[PDB]
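The structure under discussion appears below in the form of structure tokens.
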Protein chains: 2
Amino acid sequence: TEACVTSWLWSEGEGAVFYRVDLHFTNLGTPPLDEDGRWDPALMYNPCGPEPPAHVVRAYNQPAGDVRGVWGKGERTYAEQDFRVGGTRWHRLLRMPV
Amino acid sequence: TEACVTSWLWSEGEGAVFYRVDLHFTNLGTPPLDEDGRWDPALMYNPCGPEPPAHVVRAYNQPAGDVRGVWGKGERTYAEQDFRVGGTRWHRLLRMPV
């Protein structure tokens, strides 16, 4: 409802799944530790749910090198990763603008 | 079919920022595929928008590897990654499952 980018994640083999991930960004102002030093209650407050299954989350955040860069409706650049975790091969697309 | 999970991210220095990121995961079931069996979603589907600022997106989508801290308690626990992107230091808290 404010600012947004998209990612994609999918697996191969039997039980292949396919996911679109929309990343909604909400500007919260200043970094949460002020010079006083009090904490912004916004930090870790009211996390959204329910959460995706554990292997899916793990797959989304697995460290992996970029195999190539792609476009991208509207010539929008994405970095692609092709990796394996938990015996399963995953493909991942991340919005990466210059 | 929907699931969601929340991240936080913030930079240091002059003009530091602080964002919430709500990652909305949508299961697309079995989408149409080409020959061989390949999905090309960056070109098939429209992305969400409008986009957040460029450098914020690059920072969130950066690889960073080194889990340097664990935040929060019990069932709402977060892994912190701590990294620079061109002279700017960033912190990114990711939900980490069980």
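The way I read the labels, and the way they are meant: chains A, B, ... in the order of the structure tokens, residue 1 as the first residue of every chain, and ligand 1 as the first ligand shown, with later ones counted on from there.
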
DSSP on the backbone: which residues in chain A end up as alpha helix (DSSP H)? Give the answer as a PDB file with N, CA, C and O atoms, in the first residue's frame.
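Saved file states-v7.pdb follows:
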ATOM      1  N   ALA A  54       8.523 -23.767   6.690  1.00  0.00           N
ATOM      2  CA  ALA A  54       9.942 -23.570   7.005  1.00  0.00           C
ATOM      3  C   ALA A  54      10.933 -23.780   5.838  1.00  0.00           C
ATOM      4  O   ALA A  54      11.879 -23.009   5.683  1.00  0.00           O
ATOM      5  N   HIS A  55      10.725 -24.813   5.026  1.00  0.00           N
ATOM      6  CA  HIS A  55      11.626 -25.062   3.902  1.00  0.00           C
ATOM      7  C   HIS A  55      11.505 -23.960   2.861  1.00  0.00           C
ATOM      8  O   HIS A  55      12.465 -23.648   2.163  1.00  0.00           O
ATOM      9  N   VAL A  56      10.320 -23.366   2.757  1.00  0.00           N
ATOM     10  CA  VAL A  56      10.107 -22.280   1.804  1.00  0.00           C
ATOM     11  C   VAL A  56      10.846 -21.013   2.242  1.00  0.00           C
ATOM     12  O   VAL A  56      11.545 -20.381   1.450  1.00  0.00           O
ATOM     13  N   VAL A  57      10.696 -20.666   3.516  1.00  0.00           N
ATOM     14  CA  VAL A  57      11.381 -19.524   4.101  1.00  0.00           C
ATOM     15  C   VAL A  57      12.891 -19.699   3.991  1.00  0.00           C
ATOM     16  O   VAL A  57      13.596 -18.802   3.510  1.00  0.00           O
ATOM     17  N   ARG A  58      13.377 -20.856   4.436  1.00  0.00           N
ATOM     18  CA  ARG A  58      14.794 -21.188   4.339  1.00  0.00           C
ATOM     19  C   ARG A  58      15.297 -21.019   2.906  1.00  0.00           C
ATOM     20  O   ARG A  58      16.338 -20.378   2.661  1.00  0.00           O
ATOM     21  N   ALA A  59      14.548 -21.577   1.958  1.00  0.00           N
ATOM     22  CA  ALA A  59      14.915 -21.454   0.551  1.00  0.00           C
ATOM     23  C   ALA A  59      14.994 -19.987   0.125  1.00  0.00           C
ATOM     24  O   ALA A  59      15.938 -19.587  -0.585  1.00  0.00           O
ATOM     25  N   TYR A  60      14.023 -19.183   0.563  1.00  0.00           N
ATOM     26  CA  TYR A  60      14.003 -17.779   0.170  1.00  0.00           C
ATOM     27  C   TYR A  60      15.235 -17.015   0.650  1.00  0.00           C
ATOM     28  O   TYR A  60      15.713 -16.106  -0.030  1.00  0.00           O
ATOM     29  N   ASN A  61      15.739 -17.378   1.823  1.00  0.00           N
ATOM     30  CA  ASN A  61      16.878 -16.668   2.397  1.00  0.00           C
ATOM     31  C   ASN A  61      18.227 -17.379   2.288  1.00  0.00           C
ATOM     32  O   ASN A  61      19.237 -16.852   2.733  1.00  0.00           O
TER      33      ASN A  61
END

As a PyMOL selection string, could you give me every residue of chain B near chain A (at most 7 Å apart, counting only C-alpha atoms)? chain B and resi 3-6+10-11+16-30+42-43+46-52+54+58+61+63+65+97

Selected residues written out, N, CA, C and O atoms, as a short mmCIF file (atom, residue, chain, number, x, y, z; two decimals), in the first residue's frame:
data_model
loop_
_atom_site.label_atom_id
_atom_site.label_comp_id
_atom_site.auth_asym_id
_atom_site.auth_seq_id
_atom_site.Cartn_x
_atom_site.Cartn_y
_atom_site.Cartn_z
N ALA B 3 0.53 -16.41 2.53
CA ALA B 3 1.26 -16.43 3.78
C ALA B 3 2.13 -15.18 3.79
O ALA B 3 2.39 -14.56 2.75
N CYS B 4 2.59 -14.80 4.97
CA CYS B 4 3.40 -13.61 5.09
C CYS B 4 4.41 -13.74 6.22
O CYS B 4 4.23 -14.54 7.14
N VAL B 5 5.48 -12.94 6.15
CA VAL B 5 6.48 -12.93 7.20
C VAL B 5 7.14 -11.55 7.15
O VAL B 5 7.17 -10.93 6.08
N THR B 6 7.62 -11.04 8.28
CA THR B 6 8.09 -9.65 8.34
C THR B 6 9.58 -9.51 8.60
O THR B 6 10.14 -10.21 9.44
N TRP B 10 17.68 -1.33 8.37
CA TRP B 10 18.02 0.05 8.65
C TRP B 10 19.49 0.30 8.41
O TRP B 10 20.32 -0.59 8.58
N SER B 11 19.80 1.52 8.01
CA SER B 11 21.16 1.87 7.68
C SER B 11 21.71 2.78 8.76
O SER B 11 20.99 3.19 9.67
N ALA B 16 20.29 8.09 7.41
CA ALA B 16 19.94 6.71 7.72
C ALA B 16 18.43 6.49 7.56
O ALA B 16 17.65 7.41 7.73
N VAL B 17 18.04 5.28 7.19
CA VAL B 17 16.63 4.97 7.03
C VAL B 17 16.28 3.72 7.83
O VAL B 17 17.16 3.03 8.33
N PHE B 18 15.00 3.42 7.90
CA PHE B 18 14.49 2.35 8.74
C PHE B 18 13.26 1.92 8.02
O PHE B 18 12.37 2.75 7.79
N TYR B 19 13.21 0.65 7.63
CA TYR B 19 12.03 0.11 6.95
C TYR B 19 11.49 -1.15 7.62
O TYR B 19 12.24 -1.93 8.17
N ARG B 20 10.18 -1.31 7.56
CA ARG B 20 9.55 -2.60 7.74
C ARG B 20 9.40 -3.28 6.36
O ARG B 20 9.08 -2.62 5.37
N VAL B 21 9.64 -4.59 6.28
CA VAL B 21 9.33 -5.31 5.04
C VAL B 21 8.39 -6.52 5.23
O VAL B 21 8.71 -7.50 5.90
N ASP B 22 7.20 -6.42 4.66
CA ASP B 22 6.26 -7.51 4.78
C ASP B 22 6.35 -8.36 3.51
O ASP B 22 6.05 -7.91 2.41
N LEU B 23 6.82 -9.59 3.68
CA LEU B 23 7.01 -10.46 2.54
C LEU B 23 5.76 -11.32 2.36
O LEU B 23 5.51 -12.27 3.12
N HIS B 24 4.97 -10.97 1.35
CA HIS B 24 3.74 -11.68 1.07
C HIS B 24 4.00 -12.81 0.10
O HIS B 24 4.31 -12.57 -1.06
N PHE B 25 3.88 -14.04 0.59
CA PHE B 25 4.12 -15.23 -0.20
C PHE B 25 2.83 -15.77 -0.79
O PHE B 25 1.92 -16.15 -0.05
N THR B 26 2.76 -15.85 -2.11
CA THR B 26 1.60 -16.42 -2.78
C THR B 26 1.97 -17.67 -3.55
O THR B 26 2.78 -17.62 -4.48
N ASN B 27 1.35 -18.79 -3.15
CA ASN B 27 1.47 -20.06 -3.85
C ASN B 27 0.65 -20.10 -5.14
O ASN B 27 -0.57 -20.04 -5.11
N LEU B 28 1.33 -20.23 -6.28
CA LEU B 28 0.68 -20.18 -7.58
C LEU B 28 0.31 -21.57 -8.10
O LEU B 28 -0.06 -21.72 -9.26
N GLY B 29 0.41 -22.58 -7.23
CA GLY B 29 0.04 -23.93 -7.60
C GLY B 29 0.94 -24.50 -8.69
O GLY B 29 2.16 -24.63 -8.52
N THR B 30 0.33 -24.85 -9.82
CA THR B 30 1.08 -25.28 -11.00
C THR B 30 0.80 -24.31 -12.17
O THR B 30 -0.19 -24.46 -12.89
N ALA B 42 9.40 -13.54 -14.46
CA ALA B 42 9.76 -12.12 -14.60
C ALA B 42 9.18 -11.47 -15.87
O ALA B 42 8.91 -10.27 -15.91
N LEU B 43 8.97 -12.30 -16.89
CA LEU B 43 8.41 -11.86 -18.16
C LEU B 43 6.93 -12.18 -18.34
O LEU B 43 6.28 -11.58 -19.18
N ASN B 46 3.03 -9.25 -14.22
CA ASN B 46 3.27 -7.88 -13.80
C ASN B 46 3.77 -7.80 -12.37
O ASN B 46 3.25 -8.47 -11.50
N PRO B 47 4.80 -6.97 -12.13
CA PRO B 47 5.39 -6.82 -10.79
C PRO B 47 4.52 -5.90 -9.95
O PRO B 47 3.71 -5.17 -10.51
N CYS B 48 4.65 -5.92 -8.63
CA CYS B 48 3.94 -4.87 -7.90
C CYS B 48 4.76 -3.55 -7.92
O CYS B 48 5.91 -3.51 -8.40
N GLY B 49 4.16 -2.48 -7.44
CA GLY B 49 4.76 -1.16 -7.50
C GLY B 49 3.81 -0.21 -6.81
O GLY B 49 2.75 -0.65 -6.36
N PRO B 50 4.19 1.08 -6.69
CA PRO B 50 5.45 1.67 -7.16
C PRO B 50 6.63 1.23 -6.30
O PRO B 50 6.48 0.82 -5.14
N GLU B 51 7.81 1.30 -6.89
CA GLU B 51 8.97 0.75 -6.21
C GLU B 51 9.48 1.66 -5.11
O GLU B 51 9.36 2.88 -5.21
N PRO B 52 10.05 1.06 -4.04
CA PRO B 52 10.78 1.84 -3.03
C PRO B 52 12.05 2.44 -3.63
O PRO B 52 12.33 2.16 -4.80
N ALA B 54 15.80 3.06 -4.94
CA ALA B 54 16.68 2.06 -5.54
C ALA B 54 17.62 1.43 -4.53
O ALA B 54 17.71 0.20 -4.45
N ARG B 58 18.26 -2.52 -3.23
CA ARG B 58 19.52 -3.22 -3.45
C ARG B 58 20.06 -3.75 -2.12
O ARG B 58 20.64 -4.84 -2.05
N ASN B 61 17.91 -6.71 -0.86
CA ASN B 61 18.13 -7.90 -1.71
C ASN B 61 19.59 -8.33 -1.85
O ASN B 61 19.90 -9.23 -2.63
N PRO B 63 23.04 -10.15 -1.02
CA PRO B 63 23.52 -11.28 -0.21
C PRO B 63 24.45 -10.77 0.91
O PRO B 63 25.12 -9.77 0.71
N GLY B 65 25.28 -13.20 4.09
CA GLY B 65 25.83 -14.37 4.76
C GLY B 65 26.01 -14.37 6.27
O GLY B 65 25.32 -15.11 6.98
N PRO B 97 13.00 -19.56 11.31
CA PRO B 97 12.06 -20.62 11.73
C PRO B 97 12.62 -21.61 12.78
O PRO B 97 13.69 -21.37 13.34
#

Least-squares superposition of chain B on chain A, every Cα paired in order: what RMSD, in Å?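 Once chain B is fitted onto chain A, the C-alpha RMSD works out to 2.9 Å.
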
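Of note, CA of residue 82 in chain B and CA of residue 68 in chain A are spaced 24.8 Å apart.
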
Work out how far apart CA of residue 35 in chain A and CA of residue 81 in chain B are and give it in Å to one decimal.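 These two atoms are separated by 22.2 Å.
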
Among chain B, which residues does DSSP mark as strand (DSSP E) when it is run on the backbone? Keep the chain and numbering as in the structure and answer as JSON, numbers by chain. {"B": [2, 3, 4, 5, 6, 7, 8, 9, 10, 11, 18, 19, 20, 21, 22, 23, 24, 25, 26, 27, 67, 68, 69, 70, 71, 78, 79, 80, 81, 82, 83, 84, 85, 88, 89, 90, 91, 92, 93, 94, 95]}
